[PDB]
Amino acid sequence: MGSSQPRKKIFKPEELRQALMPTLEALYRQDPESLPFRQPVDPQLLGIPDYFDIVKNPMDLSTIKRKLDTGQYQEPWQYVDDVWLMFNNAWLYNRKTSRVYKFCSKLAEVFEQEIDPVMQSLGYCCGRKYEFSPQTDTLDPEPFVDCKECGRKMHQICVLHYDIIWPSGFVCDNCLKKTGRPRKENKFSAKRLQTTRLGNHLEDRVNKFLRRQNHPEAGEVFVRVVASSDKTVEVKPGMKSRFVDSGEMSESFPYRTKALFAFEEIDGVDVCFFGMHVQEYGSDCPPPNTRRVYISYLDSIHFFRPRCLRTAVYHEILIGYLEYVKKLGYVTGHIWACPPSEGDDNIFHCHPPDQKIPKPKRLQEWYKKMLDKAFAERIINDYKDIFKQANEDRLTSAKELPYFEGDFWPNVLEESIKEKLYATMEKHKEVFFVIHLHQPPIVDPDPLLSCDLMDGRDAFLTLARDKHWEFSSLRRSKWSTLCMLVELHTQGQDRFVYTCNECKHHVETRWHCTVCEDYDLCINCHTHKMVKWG
Ligand SMILES: CC(C)(COP(=O)(O)OP(=O)(O)OC[C@H]1O[C@@H](n2cnc3c(N)ncnc32)[C@H](O)[C@@H]1OP(=O)(O)O)[C@@H](O)C(=O)NCCC(=O)NCCS
Ligand SMILES: [Zn+2]
Ligand SMILES: [Zn+2]
Ligand SMILES: [Zn+2]
Ligand SMILES: [Zn+2]
């Protein structure tokens with residue numbers, strides 16, 4: 001099998017030895033940790049005939065030193081692969097408690113600190129071996145790209161390369177430094193996602209908050225509504241025969257759902273750190289859901305910089321949301337603060353293994369502090385839990401409880417008719433919040449964004465699981481954000497028509513304003529320099 005690549009970087013044996021072997025020596029210097037690894041494992045000295053049935057490809061320091069002196073290593077990645085094979089054998093065969101397993105983890109920490117600067121001075125991304133997390137014996141490997149000039153294999157996630165953005169292929173950073181040419185701009189950014197009044201209100205609120213709270217590490221935050229659509233929730237069959245047939249409740253309740261995400265600039269690239277679905281029941285929706293908003297789902301990835309401000313910005317985003325719908329005319333908001341089930345991710349496909357998933361008491365304090373902040377700034381008038389509120393203006397019927405898609409209470413009520421209910425309600429009081437924000441109709445000024453990927457939380461989880469867009473680390477979150485944003489930019493389902501903001505006519509050729517969010521004067525006629533678009 002043939003392909004062609006003439007100006008490849010090829011390394012002569014001694015260049016490799018001179019560069020690589022200072023790391024193999026940093027492993028030998030580890031005493032006693034390197035001692036079980038200086039020779040090929042001998043199962044007849046150790047009494048473990050299992051071993052060659054479990055470790056199919058042995059490797060050791062000495063074998064690597066041999067290969068490195070013979071020249072058996074053409075590229076540095078083959079060396080790197082062989083030391084990680086050594087470590088992976090040990091980590092596999094021995095129990096996580098044994099001595100050797102821990103020796104290995106020390107050698108590995110040494111190798112990680114030594115091999116990275118070396119591999120980068122040789123013009124590579126790192127010296128790690130990465131594999132994706134297990135899903136549902138084998139693990140899937142991270143992907144590589146080759147520099148069309150070097151031929152040097154790099155980690156696609158390390159260099160953040162994607163052909164859709166850059167279709168003329170991957171070109172290493174240095175070869176571009178001789179090239180004179182810099183990277184051409186990534187146009188698929190979060191900032192360049194279609195703007196909305198809701199999004200603008202939220203990002204405008206957080207960014208002045210972060211400036212008022214000067215921090216050098218913080219980057220800009222972009223908040224984007226990436227989907228909204230009009231849906232209905234049908235009352236389920238038990239409650240169906242008991243109240244819809246009677247005409248006491250409408251058969252279904254219309255609402256608009258919106259999905260919005262926040263991104264922060266970190267190391268000069270977009271990182272998605274927060275995501276949220278909401279349901280908004282307007283002023284034409286029948287009781288009991290009239291003029292109500294509900295927070296369907298809330299998820300987050302803890303890499304916001306700096307850590308000490310992450311939660312405060314999450315609260316402001318939520319708080320900004322309350323400020324926005326209150327002004328548009330909604331009256332009450334509802335939060336179901338229920339923590340995710342064990343193995344279940346909300347929105348993001350692979351949270352960091354060490355991000356604490358909170359207990360419901362912690363989570364309820366969390367929503368409590370956020371709401372207390374909103375009350376203080378006069379955005380919320382006040383808030384109580386579900387039982388104190390139901391009892392406070394009485395209620396005797398199941399039809400007076402707000403009825404939201406996927407919420408707990410519709411399903412408690414469905415289960416109730418086959419085979420006391422106030423007892424079912426009071427047990428979970430603290431987990432369900434009712435928020436009082438405060439008449440003419442509510443009119444949403446934002447248009448509908450049709451986006452199947454974000455039409456509810458399942459499509460994006462599914463797609464990321466297949467494409468391995470994990471959010472398990474900063475580097476992996478950067479890559480998943482990169483690809484998420486390409487999906488939002490290029491496969492949404494919305495197509496855009498252009499109108500003259502002056503003459504109300506459809507425009508093709510037009511003059512577009514240099515400052516304003518979306519302003520296009522037709523040619524047939526504003527205070528800004530304009531350039532010609534479309
Ligand atoms: C709700 C959320 C956005 C708030 O995040 P947050 O402000 O960073 O705080 P959390 O409630 O996650 O945890 C904050 C602190 O408590 C700690 N903590 C959280 N859960 C813990 C647990 N199970 N045990 C011990 N400590 C815990 C964390 O380590 C963290 O400490 P730090 O400042 O040293 O890092 C986030 O937890 C999240 O995305 N939750 C997952 C899904 C969820 O909330 N459920 C569904 C919708 S509400
Ligand atoms: Zn790498
Ligand atoms: Zn190159
Ligand atoms: Zn700080
Ligand atoms: Zn015109």
Side-chain angles (χ1 to χ4, degrees), residues 76-77 80-81 84 112 115-120 122-131 141-147 152-161 170 172-173 210 213-218 261-262 272-278 294-319 334-371 373 406-408 430-433 457 461 471 473-479:
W77 279 110
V80 172
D81 289 323
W84 286 110
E112 289 175 337
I115 194 61
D116 277 355
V118 163
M119 286 281 289
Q120 292 163 356
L122 293 213
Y124 296 98
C125 51
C126 67
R128 314 301 190 84
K129 181 213 177 59
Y130 285 117
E131 302 168 278
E142 272 203 20
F144 296 99
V145 291
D146 292 330
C147 172
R152 276 139 36 165
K153 180 173 89 172
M154 286 176 96
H155 281 125
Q156 185 170 25
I157 296 188
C158 279
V159 304
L160 292 168
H161 176 78
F170 170 56
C172 91
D173 286 87
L210 285 148
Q213 183 25 271
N214 256 325
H215 264 70
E217 309 162 319
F261 294 88
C272 193
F273 66 77
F274 177 85
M276 149 175 60
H277 293 63
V278 300
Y294 169 67
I295 304 297
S296 267
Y297 302 122
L298 194 157
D299 205 354
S300 94
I301 300 296
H302 62 192
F303 297 123
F304 185 88
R305 281 203 200 148
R307 253 176 188 71
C308 52
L309 295 176
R310 67 177 270 256
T311 280
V313 294
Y314 299 171
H315 292 184
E316 279 78 300
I317 299 171
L318 289 124
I319 293 183
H334 304 259
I335 295 176
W336 176 11
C338 90
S341 54
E342 197 215 284
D344 195 20
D345 301 289
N346 275 210
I347 292 169
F348 303 97
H349 169 39
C350 188
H351 287 54
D354 69 341
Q355 183 164 327
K356 266 312 181 322
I357 304 95
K359 60 191 62 147
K361 182 108 176 234
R362 168 147 248 149
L363 181 55
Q364 309 147 5
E365 261 307 325
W366 191 90
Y367 284 113
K368 280 47 191 275
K369 211 55 58 208
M370 181 272 295
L371 300 167
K373 215 279 197 212
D407 189 46
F408 180 52
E430 318 103 306
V431 61
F432 293 106
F433 294 79
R457 74 170 40 155
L461 279 170
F471 294 72
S473 60
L474 182 57
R475 74 182 271 292
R476 287 201 182 148
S477 297
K478 273 168 180 177
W479 169 248

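Read the numbers this way: they start at 1 and go in the same order the structure lists the ligands and their atoms. By convention here, the first residue in the shown sequence is residue 1.
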Looking only at atom types and distance, does a side-chain atom of [X] sit under 3.5 Å from a main-chain N or O of [Y], one as donor and one as acceptor?
X	Y	result
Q120	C125	yes
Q355	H302	yes
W77	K153	yes
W84	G127	yes

Can you sort out which atoms of ligand 1 are near [X], meaning under 4.0 Å from one of its heavy atoms?
X	answer
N346	46 (C), 47 (C)
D299	39 (O)
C338	45 (N), 46 (C)
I357	20 (N), 22 (C), 23 (N)

Heavy-atom proximity to [atom], best of [options]:
atom	options	answer
atom 1 (C) of ligand 1	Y367, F304, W366	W366
atom 27 (C) of ligand 1	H351, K356, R310	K356
atom 36 (C) of ligand 1	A337, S300, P358	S300

Handout entry: Sub-4.0 Å heavy-atom approach of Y314 to ligand 1
Key =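 Yes, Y314 has a heavy atom closer than 4.0 Å to ligand 1.
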How are the rings of [X] and [Y] set to each other: parallel, tilted or perpendicular (split at 30° and 60°)?
X	Y	answer
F348	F261	perpendicular
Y297	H277	perpendicular
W366	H315	perpendicular
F304	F273	perpendicular

Protein non-hydrogen atom found under 4.0 Å from [atom]:
atom	answer
atom 45 (N) of ligand 1	yes
atom 34 (O) of ligand 1	no
atom 48 (S) of ligand 1	yes
atom 16 (O) of ligand 1	yes

Practice task
Using a 4.5 Å cut-off on heavy atoms from C-beta on, say whether the side chain of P339 contacts that of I357.
Solution key: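 Counting from C-beta outward, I357 and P339 never come under 4.5 Å.
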Heavy-atom nearest neighbour in the protein, as seen from [atom], with distance rounded to 0.1 Å:
atom	value
atom 26 (N) of ligand 1	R362 NH1, 3.6 Å
atom 7 (O) of ligand 1	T311 OG1, 1.9 Å
atom 42 (C) of ligand 1	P340 CG, 3.3 Å

Handout entry: Residues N346 and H351: side-chain donor-acceptor under 3.5 angstrom
Key = no
Practice task
Would you give the angle at the Zn ion (ligand 2) between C158 atom SG and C126 atom SG, to the nearest 10°?
Solution key: 110°
Handout entry: Near-ring test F144/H155, centroid separation under 6.0 angstrom
Key =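 Aromatic pair counts; centres sit under 6.0 Å.
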Completion exercise
Per residue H155, nearest N, O or S atom to the Zn ion (ligand 2) is named ND1
